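Here Cβ is always computed from backbone atoms with ideal geometry, including for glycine, and neighbour counts include all displayed protein chains. What is reported rests on the model, the rules as stated and the sources as named; these are not laboratory values.
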Amino acid sequence: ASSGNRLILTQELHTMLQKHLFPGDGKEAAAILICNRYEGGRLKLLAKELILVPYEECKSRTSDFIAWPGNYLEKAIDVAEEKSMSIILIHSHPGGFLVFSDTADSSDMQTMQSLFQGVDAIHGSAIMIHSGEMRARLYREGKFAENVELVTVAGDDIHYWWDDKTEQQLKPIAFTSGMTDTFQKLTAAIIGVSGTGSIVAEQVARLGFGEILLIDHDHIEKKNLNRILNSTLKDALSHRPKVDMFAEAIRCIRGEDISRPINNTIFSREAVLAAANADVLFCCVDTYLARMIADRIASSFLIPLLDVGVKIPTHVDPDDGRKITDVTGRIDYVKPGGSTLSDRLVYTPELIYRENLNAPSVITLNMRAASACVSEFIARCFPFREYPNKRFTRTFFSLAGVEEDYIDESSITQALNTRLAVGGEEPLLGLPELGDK
Amino acid sequence: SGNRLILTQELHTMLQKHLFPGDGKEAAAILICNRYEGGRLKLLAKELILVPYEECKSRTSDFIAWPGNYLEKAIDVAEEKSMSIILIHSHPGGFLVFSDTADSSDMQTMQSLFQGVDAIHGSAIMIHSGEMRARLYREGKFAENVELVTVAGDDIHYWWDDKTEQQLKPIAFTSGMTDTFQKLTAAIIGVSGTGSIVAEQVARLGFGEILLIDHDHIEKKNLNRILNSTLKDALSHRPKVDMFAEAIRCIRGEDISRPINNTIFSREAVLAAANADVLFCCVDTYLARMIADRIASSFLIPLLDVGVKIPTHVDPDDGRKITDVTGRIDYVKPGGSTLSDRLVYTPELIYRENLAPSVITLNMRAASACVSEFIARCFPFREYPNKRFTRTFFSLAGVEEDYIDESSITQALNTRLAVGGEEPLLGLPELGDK
Ligand code: NA
Ligand code: NA
């Protein structure tokens, strides 16, 4: 679950690619995906640019073959040369093809060697079927090496196309052992082992996730024994780090070294580069800085993001004295290429600036929010609602007003997303404080 | 081991009205109570005798002389089952009992009560706002104060003997909430997918004693749901109550959890749960919910019942599908509508019972709302009366949530109210003392 490689496409790229590869005439088509890479605990290919080969530019197109010109390999190499990007050829299901110049044709093998000669990097060849599922093979030194373990698109719904898929195996439904089998192959990152984060982490561990990253610098103490799952008085009296405490708890619960404690703030190279390995991010730190870092990790490394927060404002009523003003929670799902936490004003530059220049809490509210947060991931991997998951991109609930509201992704304005799929380009996350010094 | 005097909301409303008619003069009443003598003494208000003003010789702002034939009538009511008799007077509380021939002071009257019925008796005072304080008398002589007088209505009221006058009621989610919980006992029926989450919250909210009732064990198949369970617990088939009680001991650094390794349908479980100040029912069986129902009414304990369901169906095209994903939270106050009234169970369903996946996210969603409900009723923080939220139904598949007011629920006659441990226990001969 930790070292399997991945090819990640954005929903918007995948939709364009699927339309191009399946126009409706049942004939093969061709396209080229240019990808950045993350190479930490695993190889992750990050789809960045898409070149569609126009049908009229192809010498021929049939139900099981296509011939397209080699100038398109040159166009892909032009895009990839500077940053040694990975180049993935993609064809409609059957996948037979050749690349022709004026003088010579190149087989699939010859074309992959040609790609390597133009750009020293891992390249690949991928196939898509009409439904959109994708399989991919990687070429090292221009030669066939290994299949991609997982091709994934995290859109409104989240799709996992595994290399070991069974032919007559239907997708599992939510809350079943087939859900567990999926999660067992995935890595989850919990940013903040907090009131909400310890609960998200607990659910993630017991749901069967295969690797669980825990990122937090804080420690157990008497004041948070009312909230932090698995914490003990002995932990508090020694100020045991939260990540070490919870990592030990997970190893006892699951009986295996699946927890990865990161004793640091998310605003660190250690944390960012660990988190980049994850297949899903849960942000549970109640600071504007933390949510922005989580936001930028999600976009840069194409990781779906679930951000959760709760608030209990209070005020002094002239008659009764102090009063609970409201009891609220918020869940935000962010897909790569969809609206960001910034777009949603979960943070702003001014709020982060004022935060870095310079309130009751309760387990019941934390659990109410954390349960909804992990349920949102389940619903998007294994749809079970009567409405499209897109309708529930944002969730706002109030236990005092006893109301719950949902915001559709389509209602949210999107700014230009410059960091999408840039991976670990320095300065990391565009922040000099995280850059290689 | 802190004693308690528990009144139903209906009896307290009636008592408050009688003691404060609006003329500012004292009034007198007599509460006849059954008892539960377990870890703590619990006085269960059963009958209330209101002394008519017109039959009182004198009623003033700080004194009342009322006839003693009512003391004799209360003794008659209490004689058969040696019920406890609590005299109640309006705030100031000065009084005398007069016959046709003699007057008796408060001390003499308390001694007369003990001569008429060999049992614990008491004398109580209510202020206009409804708060109550009480003193118990043993062998007709002053003994100890009542640590807690409580009424679990739509709002739950705790009137502590150690109350400070300038001190204000705490608000939800504060240390003053913890201070209240530290004095209370909570019983969790079922350390289940929901029950382990309820118990976890109850422990970390600071409850003083936590009773855990369950006969089931940790297994590999429930390591995906039972909080604090470990692979070692599954290997050793560890009783859920023992597992969680040990967890609580380490979490709190204090042995505050009592493991009852048995089914709720047992004398051991019923008699243990009767000590609790609040019942959380988290067993998904009709029998368990009926037993919890009858404990709540018999021993005047507020009850929170929680259940979740994930129906599935086979769609012709897609195959197996999730039909719905639902949760239910029911708050039951003593003398309010019961789980039976709400059709949470029926006699037919229990008979057939003793003749659908699950997931931690749904369990946690329901268990969190369940415990939040108790907090809201002890420390109101909502923008509408708590009565509006007597029942909660939510669907995560339809993405809807609905709330049912107590006033929408028709009630049957409630005959077990405050009967305590009258045999056969809970009216079930299978739970009687052979
Ligand atoms: Na976008
Ligand atoms: Na009733």
Checking residue B:297 against (1) outside any loop (DSSP other than H, G, I, E, B); (2) away from ligand 2 (no atom under 16 Å from the Cβ), the condition it does not meet: (2)
Kindly indicate whether any position in segment B:348-355 is within 16 Å of ligand 2 (Cβ to nearest atom), touching a helix residue (DSSP H, G or I) at 6+ places or on another chain (Cβ under 7 Å), β-branched (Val, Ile, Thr) and more than 28 Å from residue B:227 (Cβ to Cβ). no
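Within segment A:120-136, can one find any residue that is of a type in the set (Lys, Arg) and surrounded by fewer than 16 Cβ atoms within 10 Å (Cβ to Cβ)?
Checking segment A:120-136: not a single residue is of a type in the set (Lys, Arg) and surrounded by fewer than 16 Cβ atoms within 10 Å (Cβ to Cβ).
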Only one of these conditions is not met by residue A:414: (1) more than 16 Å from ligand 1 (Cβ to nearest atom); (2) assigned to a loop (DSSP other than H, G, I, E, B). Which number is it? (1)
Mind checking which residues of segment B:191-228 are out of contact with any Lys or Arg (no Cβ under 8 Å at 6 or more places or on another chain) and within 22 Å of residue A:256 (Cβ to Cβ)? B:219, B:220, B:221, B:222, B:227, B:228
Hey, any hits in segment A:53-63 for a residue that's closer than 28 Å to residue A:156 by Cβ, more than 16 Å from ligand 2 (Cβ to nearest atom) and surrounded by fewer than 19 Cβ atoms within 10 Å (Cβ to Cβ)? no
Checking B:390, B:410 in turn, the sole residue that is surrounded by fewer than 19 Cβ atoms within 10 Å (Cβ to Cβ) and within 16 Å of ligand 2 (Cβ to nearest atom) turns out to be B:410
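Please enumerate the residues belonging to segment A:348-364 that are assigned to a loop (DSSP other than H, G, I, E, B) and surrounded by fewer than 22 Cβ atoms within 10 Å (Cβ to Cβ). Please lay out each step first, then the result.
Within segment A:348-364, the subset assigned to a loop (DSSP other than H, G, I, E, B) is A:348, A:358-362.
Correct list: A:348, A:358, A:359, A:360, A:361.
Could you check segment B:58-174 for strands (runs of 3 or more DSSP E) lying wholly inside it with 3 or more residues that are over 29 Å from the mean Cα position of the chain (by Cα)? Outline the logic, then answer.
Numbers: elements: B:58-60, B:63-67, B:84-90, B:95-98, B:121-126, B:132-138, B:141-145, B:148-152, B:156-160.
Passing ranges, in order: B:58-60, B:63-67, B:95-98.
Out of contact with any strand residue (DSSP E or B) (no Cβ under 8 Å at 6 or more places or on another chain) and small (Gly, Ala, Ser), is that true of residue A:259? Write out each step before concluding.
Working: out of contact with any strand residue (DSSP E or B) (no Cβ under 8 Å at 6 or more places or on another chain): no; small (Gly, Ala, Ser): yes.
Against the criterion (out of contact with any strand residue (DSSP E or B) (no Cβ under 8 Å at 6 or more places or on another chain) and small (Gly, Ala, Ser)), residue A:259 does not qualify.
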Which one is surrounded by the fewest Cβ atoms within 10 Å (Cβ to Cβ), of the residues in segment A:317-338 that are among the acidic types (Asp, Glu) and in contact with a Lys or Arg (Cβ under 7 Å, 6 or more places away or on another chain)? A:317
Neighbours by Cβ (under 6 Å, 6+ apart or cross-chain): first from segment A:315-344, within 23 Å of residue A:379 (Cα to Cα); second more than 16 Å from ligand 1 (Cβ to nearest atom) and of a type in the set (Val, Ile, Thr): A:329/A:310; A:331/A:308; A:331/A:395
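Could you look through segment B:170-183, keep only residues that are closer than 19 Å to residue B:277 by Cα and touching a helix residue (DSSP H, G or I) at 6+ places or on another chain (Cβ under 9 Å), and pick out the one that is nearest to the other protein chains (Cβ to nearest Cβ)? Can you show your working first?
Initial filter on segment B:170-183 (closer than 19 Å to residue B:277 by Cα): B:170, B:172, B:176-183.
Still in the list and also touching a helix residue (DSSP H, G or I) at 6+ places or on another chain (Cβ under 9 Å): B:170, B:172, B:177-178, B:180-181.
Working: B:170: 10, B:172: 6, B:177: 8, B:178: 8, B:180: 14, B:181: 10 Å.
Ranking the candidates gives B:172 first.
Being outside any loop (DSSP other than H, G, I, E, B) and within 7 Å of chain B (Cβ to nearest Cβ) is the filter here; which residues of segment A:371-389 pass it?
Filtering segment A:371-389 down to residues outside any loop (DSSP other than H, G, I, E, B) leaves A:371-381, A:389.
Correct list: A:371, A:372, A:374, A:375, A:378.
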Filtering segment A:396-405 down to residues that are touching a strand residue (DSSP E or B) at 6+ places or on another chain (Cβ under 8 Å), surrounded by fewer than 21 Cβ atoms within 10 Å (Cβ to Cβ) and either more than 7 Å from chain B (Cβ to nearest Cβ) or assigned to a loop (DSSP other than H, G, I, E, B) (or both) yields A:396, A:398, A:400, A:402, A:403, A:405
Matching residues, segment B:351-369, being among the hydrophobic types (A, V, I, L, M, F, W, C) and at the interface with chain A (Cβ under 9 Å from one of its Cβ atoms): B:359, B:360, B:362, B:364, B:366, B:367, B:369
Let me confirm something: among A:118, A:96, A:132, A:155, which residue is among the small types (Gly, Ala, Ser), farther than 25 Å from residue A:18 by Cα and in the same structural domain as residue A:55 (by TED's automatic domain parsing)? A:118
